[PDB]
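Below: the structure, in structure tokens.
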Amino acid sequence: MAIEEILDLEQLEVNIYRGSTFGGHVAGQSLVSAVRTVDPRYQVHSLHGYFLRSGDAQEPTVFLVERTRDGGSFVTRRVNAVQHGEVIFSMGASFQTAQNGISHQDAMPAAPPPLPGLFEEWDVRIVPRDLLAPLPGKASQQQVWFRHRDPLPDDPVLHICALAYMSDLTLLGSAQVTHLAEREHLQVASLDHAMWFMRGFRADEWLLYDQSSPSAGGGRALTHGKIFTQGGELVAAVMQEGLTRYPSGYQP
Amino acid sequence: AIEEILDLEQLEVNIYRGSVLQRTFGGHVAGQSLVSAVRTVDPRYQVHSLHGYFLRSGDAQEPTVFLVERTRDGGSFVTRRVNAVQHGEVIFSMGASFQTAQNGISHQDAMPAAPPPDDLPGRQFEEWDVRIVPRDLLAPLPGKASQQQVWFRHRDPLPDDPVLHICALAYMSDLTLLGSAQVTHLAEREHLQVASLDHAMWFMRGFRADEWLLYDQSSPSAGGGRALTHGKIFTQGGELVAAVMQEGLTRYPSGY
Ligand code: NA
Ligand code: NA
Ligand code: NA
């Protein structure tokens, strides 16, 4: 419903696009920018970016694409998302031809099926704390089931660009599971994003976002996610650092 | 040798030059790309993350020039982008974030059960002590395809420059993590095309690279000619000090 239009950019020129703020939204449209400059024989397999500034949600965003390399097997792009002459998000992305190699996969974690409910167009559901299967020595775990209510066209771009989008949705939350108490004294915001796209999925079908936050300190927390189809496939991996900061005066 | 990563000639504001196995050259170049970033940053801000892409092989008999971009300079965070260049080509491209000392929620995962290094046996690793946890002693996690644990330590004491330590750790990870992808594929290795595609790192707490670090590694997935790997680095006292993710080429030739 909404997500298609969010990711439908206007081309202003070669390597110049416009989308008409949720971090995932800037992220997703930056990725679409990149993709629309790459031969579709090459499909995206990773992205890295820094959230530099807060978006103005009431204004368009211009995307300036750089064609970093174009080789035989991999193509690489950088995107700067701009508003009011300032870069709000700066991204890299890599793309590869269909090729062959070694195969393996971590098994899907223990999770209940989809459950309570955490973006009207998405069906999002959190695992309640007493239904969570602990794993050894891990301080802070969160499982989230999501999926698009309405079916979506089969375009892999859309599905990947949509997954980029939803991936910024609950992940940083996982860092505050054991800190419910200091949740009115935290400055919170995404600092970065890194994603690896490994396998196909129906984004209109159930996805498990298994999340963890292995560390917090110095006013930051790191989070880590794994995305799975109900049948046990690893679709993507995500890492995200975020601001989790006490004000200048405040001590716990 | 590791201290030579820090040796950069400055050619002009935001332009630096580093002087004259492929994984080794890549790790050098990446490290020097970061050091270049660090020289343009107010030292009140200390590095905490970096992401980069290994674009091209380069020539280890030519010098490299580093082109720094001062992407953002705010009150708490500074951001840099760097392009390492040889003969007009970007060979490596990178970003890093720098923050002042501030405060926030605290937690970390427990150090996994590993055996101490001292009762383990273990030309480019000459400066280092490296001890690979045997498959039979490794504490496995549920559902994991491919884990590996390595202890490492710089043999000789190092200067007290935290940047040198960060580079030391980032260097050894660039030499050792992608190996974790091959743990269960030992019959297939000789046929593979192998390369580093990227790396992403997060530097959380202070440590020392001339003291024991445990690298707890895994390869959660491989396919399509690629392999993803991941790790966390602890001190011997159990402090989690860095996290890394890295993807590599692990490709079958068209024939095999
Ligand atoms: Na190639
Ligand atoms: Na500095
Ligand atoms: Na700032």
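Atoms considered below: every heavy atom in the structure, side chains included; atoms not considered: hydrogens, waters and symmetry mates. Letters A, B, ... are given to chains in the order of the sequence lines, protein chains preceding strands, and every chain is numbered from 1.
Side chain of B:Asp109 to main chain of A:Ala139: a donor-acceptor pair is present (N/O by atom type, distance under 3.5 Å, no hydrogens or angles). Judged by distance alone, the side chain of A:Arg69 and the main-chain N or O of B:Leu55 form a donor-acceptor pair under 3.5 Å.
For the side-chain hydrogen bond (donor to acceptor under 3.5 Å, both in side chains) with B:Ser221, the qualifying choice from A:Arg199, A:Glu233, A:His104, A:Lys226 is A:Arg199, the only one to do so.
With a 4.5 Å cut-off on non-hydrogen atoms, A:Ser213 touches chain B through its backbone and its side chain both. A:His224 touches chain B through its side chain: at least one heavy atom from C-beta onward sits under 4.5 Å away, while N, CA, C and O do not. Looking at A:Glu86, there are no atoms closer than 4.5 Å to chain B (heavy atoms on both sides), in backbone or side chain.
Considering every non-hydrogen atom in both B:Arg56 and A:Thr68, the closest pair reads NH2-O, 3.9 Å. Scanning both residues, B:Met245 and A:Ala237, for their nearest heavy atoms gives CE-CB, 4.1 Å.
For chain A, the option among B:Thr250, B:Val90, B:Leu141 with the highest count of heavy-atom pairs below 4.5 Å is B:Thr250. No other option in A:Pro214, A:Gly219, A:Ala98, A:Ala107 has as many heavy-atom pairs under 4.5 Å with chain B as A:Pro214. Annotation: maximal heavy-atom pairing with chain B below 4.5 Å, among A:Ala216, A:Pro109, A:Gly217, occurs at A:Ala216. Your options are A:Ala110, A:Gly218, A:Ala221, A:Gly49, and the one with the most heavy-atom pairs under 4.5 Å with chain B is A:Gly218. Top candidate by heavy-atom pairs under 4.5 Å with chain B, chosen from A:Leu191, A:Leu243, A:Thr97, is A:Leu191. Counting heavy-atom pairs under 4.5 Å between each of A:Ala194, A:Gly137, A:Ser212 and chain B puts A:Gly137 at the top. In terms of non-hydrogen atom pairs under 4.5 Å with chain A, the most contact-rich of B:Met111, B:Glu247, B:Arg226 is B:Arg226. Chain B forms more heavy-atom pairs under 4.5 Å with one residue of A:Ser90, A:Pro136, A:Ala93 than with any other, namely A:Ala93.
For the residue pair B:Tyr53 / A:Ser46, a side-chain donor-acceptor distance below 3.5 Å is found, with atom types taken as modelled.
Atom OH in A:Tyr246 sits 8.5 Å away from atom CG in B:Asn103 (nearest 0.5 Å). To the nearest 0.5 angstrom, B:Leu228 atom CG is 12.0 Å from A:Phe197 atom CZ. In this structure, CD1 in B:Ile105 is found 8.0 Å from OG in A:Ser140, a value given to the nearest 0.5 Å. Of the inter-residue distances, the one linking A:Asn80 atom CG with B:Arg81 atom CZ reads 4.5 Å to the nearest 0.5 angstrom.
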Determine, step by step, whether B:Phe54 and A:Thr76 satisfy the side-chain contact (heavy atoms from CB on, under 4.5 Å) criterion, reporting the C-alpha distance in whole Å, the side-chain angles of both residues, the deciding distance to 0.1 Å, and the verdict. CA-CA 10 Å; B:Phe54 295 93; A:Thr76 312; over 6 Å; no
Derivation and outcome, side-chain contact (heavy atoms from CB on, under 4.5 Å), residues B:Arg251 and A:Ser73: CA-CA 11 Å; B:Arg251 185 170 65 197; A:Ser73 315; 3.4 Å; yes
